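What follows is a short report on a single structure.
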Amino acid sequence: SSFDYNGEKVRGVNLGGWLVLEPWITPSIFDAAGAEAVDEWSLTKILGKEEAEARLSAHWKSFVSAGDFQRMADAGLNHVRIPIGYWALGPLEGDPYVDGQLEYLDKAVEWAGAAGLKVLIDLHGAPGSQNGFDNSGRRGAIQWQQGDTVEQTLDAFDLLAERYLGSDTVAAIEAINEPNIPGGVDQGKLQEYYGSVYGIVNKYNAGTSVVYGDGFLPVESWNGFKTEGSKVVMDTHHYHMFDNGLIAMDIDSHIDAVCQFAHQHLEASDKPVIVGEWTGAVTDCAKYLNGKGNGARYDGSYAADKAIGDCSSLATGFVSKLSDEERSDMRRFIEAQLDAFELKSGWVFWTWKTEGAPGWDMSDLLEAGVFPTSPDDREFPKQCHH
Ligand SMILES: OC[C@H]1O[C@@H](O[C@H]2[C@H](O)[C@@H](O)[C@H](O)O[C@@H]2CO)[C@H](O)[C@@H](O)[C@@H]1O
Ligand SMILES: OC[C@H]1O[C@@H](O)[C@H](O)[C@@H](O)[C@@H]1O
Ligand SMILES: OC[C@H]1O[C@@H](O)[C@H](O)[C@@H](O)[C@@H]1O
Ligand code: NA
Numbered sequence: 022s023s024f025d026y027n028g029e030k031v032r033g034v035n036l037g038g039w040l041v042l043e044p045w046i047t048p049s050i051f052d053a054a055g056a057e058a059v060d061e062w063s064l065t066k067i068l069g070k071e072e073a074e075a076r077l078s079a080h081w082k083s084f085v086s087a088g089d090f091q092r093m094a095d096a097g098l099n100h101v102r103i104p105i106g107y108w109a110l111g112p113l114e115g116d117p118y119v120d121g122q123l124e125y126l127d128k129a130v131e132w133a134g135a136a137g138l139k140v141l142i143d144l145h146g147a148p149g150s151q152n153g154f155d156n157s158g159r160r161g162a163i164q165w166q167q168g169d170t171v172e173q174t175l176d177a178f179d180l181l182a183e184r185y186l187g188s189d190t191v192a193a194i195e196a197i198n199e200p201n202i203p204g205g206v207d208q209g210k211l212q213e214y215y216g217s218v219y220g221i222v223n224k225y226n227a228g229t230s231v232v233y234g235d236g237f238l239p240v241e242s243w244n245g246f247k248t249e250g251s252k253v254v255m256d257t258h259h260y261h262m263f264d265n266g267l268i269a270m271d272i273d274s275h276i277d278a279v280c281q282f283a284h285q286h287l288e289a290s291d292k293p294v295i296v297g298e299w300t301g302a303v304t305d306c307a308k309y310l311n312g313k314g315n316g317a318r319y320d321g322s323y324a325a326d327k328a329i330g331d332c333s334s335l336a337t338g339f340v341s342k343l344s345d346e347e348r349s350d351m352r353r354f355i356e357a358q359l360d361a362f363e364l365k366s367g368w369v370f371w372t373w374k375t376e377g378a379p380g381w382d383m384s385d386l387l388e389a390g391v392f393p394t395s396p397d398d399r400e401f402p403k404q405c406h407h
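In PDB author numbering, the protein residues as written are 22 to 407.
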């Protein structure tokens with residue numbers, strides 16, 4: 022009942038890199054700490070607790086203001102998805118992580134409310150790492166579900182729910198970002214964690230929707246699990262640069278793949294489905310996207326046999342430096358995604374703000390006239406239909 026996921030379209034952005042730092046979103050912060058600083062875990066460990074609190078709190082305070090939220094509303098959005106790590110609820114004994122993020126999430130909920138936006142809180146990192154990505158807090162291993170990690174996840178989730186779910190601004194809360202089933206996360210144990218998260222949400226505020234990631238399975242494979250109308254929302258992430266088939270496509274083929282995704286997957290789900298992450302980029306050229314120290318599929322330097330093209334132009338900077346045809350093709354890709362993802366329950370762009378990652382930065386694309394500001398703001402014919 023906070024938001025009608027069944028009947029109204031989500032139009033959102035992510036605050037990636039804010040309360041869970043990521044090297045590609047703020048490379049300057051990781052590069053200032055040297056070559057071993059490759060994720061939030063290693064960054065805080067290298068700085069130590071005092072200096073980590075100093076540097077990360079300067080970022081938490083400067084990266085987001087009420088003005089960000091006002092600009093999001095002025096762009097036609099109704100949602101903001103906010104990643105937070107388990108360590109924001111108190112680092113475990115021995116973790117290098119610092120806390121303090123809750124003070125800033127508290128401001129976001131107030132600022133979102135003032136701007137007329139809903140907040141979707143996203144538990145983006147779990148003890149042991151649910152995916153092995155740097156964006157979980159610690160790259161290189163999937164240890165979530167070993168030891169007491171799941172109980173520790175539920176302890177953190179419970180504190181987070183207590184603090185926030187009583188606000189009607191917090192319309193929805195996500196169990197865990199990108200639990201990596203193909204990477205070894207056990208689906209049966211994930212479903213048990215999902216059931217416990219639902220129980221937590223309904224202890225405090227039945228009006229708040231529960232959001233479940235598809236775990237990289239087809240989102241329609243979750244049919245028959247917690248099917249409850251507006252109450253339970255699936256979150257699928259749609260990207261064209263992490264797959265060696267999609268990354269080889271031309272712009273027309275990219276647009277075809279987006280419509281095919283909406284028809285085969287979004288329209289096949291028995292629940293509301295948000296595309297809770299997607300972007301304007303069609304390459305993996307952004308500096309450190311595959312991890313600090315790692316290259317790109319697109320130029321043959323990461324997980325690849327051959328270069329498709331060169332990453333010099335798309336690694337860094339802002340879209341004003343590209344050609345008119347490059348900006349035009351990026352907008353065609355974005356409009357196709359807006360229209361395809363609104364066939365089902367809507368969308369949440371990744372991400373609001375970067376240090377310059379062409380096609381990834383909504384605040385950049387909006388100002389450049391690349392990102393549409395309403396469903397009627399279209400420069401190209403509608404590319405996907407019912
Ligand atoms: O999209 C699934 C795919 O991801 C690979 O990890 C990515 C991760 O998804 C991305 O979010 C992060 O920024 O970079 C890494 C490396 O590209 C993963 O290694 C694959 O096994 C998986 O198929
Ligand atoms: O690496 C690109 C993006 O991929 C998504 O799968 C993750 O949830 C983000 O945290 C990340 O920034
Ligand atoms: O690499 C991740 C991608 O792989 C494809 O199988 C899916 O269609 C996308 O939705 C997903 O983002
Ligand atoms: Na709520």
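The beta carbon of each residue, even a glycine, is placed where N, CA and C say it ideally should be.
- Closest in alpha carbon position to residue 239, among 276, 57 and 288, is 288.
- Short note on residue 258: C-beta closer than 7 Å to some heavy atom of ligand 2.
- Here residue 53 is exposed, its C-beta having fewer than 16 other C-beta atoms within 10 Å.
- Taking a 10 Å sphere around the C-beta of residue 216, we find fewer than 16 other C-beta atoms and assign the residue as exposed.
- Cβ-Cβ distances below 6 Å link residue 304 to 262, 319 and 335 in the same chain, with the five nearest sequence neighbours on each side left out; the list follows chain order.
- In its chain, beyond the 5 residues on either side, 322 and 323 have a beta carbon closer than 7 Å to the beta carbon of residue 316.
- Counting along the chain, residue 368 sits inside the beta strand (DSSP E) bounded by residues 367 to 370.
- Residue 207 sits in coil when the DSSP states are folded into three classes, being neither helix nor strand.
- Residue 271 and residue 278 have their C-alpha atoms roughly 11 Å apart.
- Excluding sequence positions up to five before and after residue 276, its CB lies within less than 6 Å of the CB of 357 and 404, all in the same chain and listed in chain order.
- The shortest CA-to-CA distance from residue 350 to any of 136, 382, 341 and 301 is the one to 301.
- If only complete runs of 4 or more residues are kept, the stretch 248 to 319 shows the alpha helix (DSSP H) at 272 to 285, in order along the chain.
- Under the Cβ criterion (8 Å, minimum of three pairs), the stretch 182 to 193 does not count as touching the stretch 158 to 173.
- Of the residues assessed, residue 79 falls on the exposed side of the cut-off, its CB having fewer than 16 other CB atoms within 10 angstroms.
- Each of 103, 389 and 207 was checked against the Cα of residue 84, and the nearest Cα belongs to 103.
- Two segments are said to touch when three or more pairs of C-beta atoms, one from each, lie closer than 8 Å; by this definition the stretch 121 to 131 does not touch the stretch 384 to 392.
- By the neighbour-count definition (other C-beta atoms within 10 Å, threshold 16), residue 406 is an exposed residue.
- For residue 370, the distance from the CB to the nearest heavy atom of ligand 3 is not below 7 Å.
- In the DSSP assignment, residue 138 falls outside any alpha helix (DSSP H) and carries neither an H nor an E.
- Here DSSP, grouped into helix, strand and coil, assigns residue 195 to strand.
- A residue is called buried once 16 or more other Cβ atoms fall within 10 Å of its Cβ, and residue 151 is buried on that count.
- From the listed residues 228, 196 and 61, the smallest Cα separation to residue 139 is found for 228.
- Under the DSSP definition of a beta bridge, residue 102 partners with 35 and 141.
- When DSSP reads this structure, residue 233 sits in a beta bridge with 255.
- According to the DSSP assignment, residue 48 belongs to the alpha helix (DSSP H) that extends over 48 to 53.
- Shortest Cα-Cα distance from residue 247 to any of 219, 382, 236 and 223 involves 219.
- Annotation for residue 171: the continuous alpha helix (DSSP H) segment containing it runs 170 to 185.
- Here residue 29 is exposed. Its C-beta has fewer than 16 other C-beta atoms within 10 Å.
- Straight-line measurement puts the Cα of residue 236 at about 14 Å from the Cα of residue 146.
- For ligand 3, no non-hydrogen atom lies closer than 7 Å to the CB of residue 143.
- For the pair residue 35 and residue 382, the Cα-to-Cα distance works out to about 10 Å.
- In terms of Cβ geometry, residue 385 and residue 340 form a close pair [threshold 8 Å].
- If you check the C-beta of residue 104 against ligand 1, you find no heavy atom less than 7 Å away.
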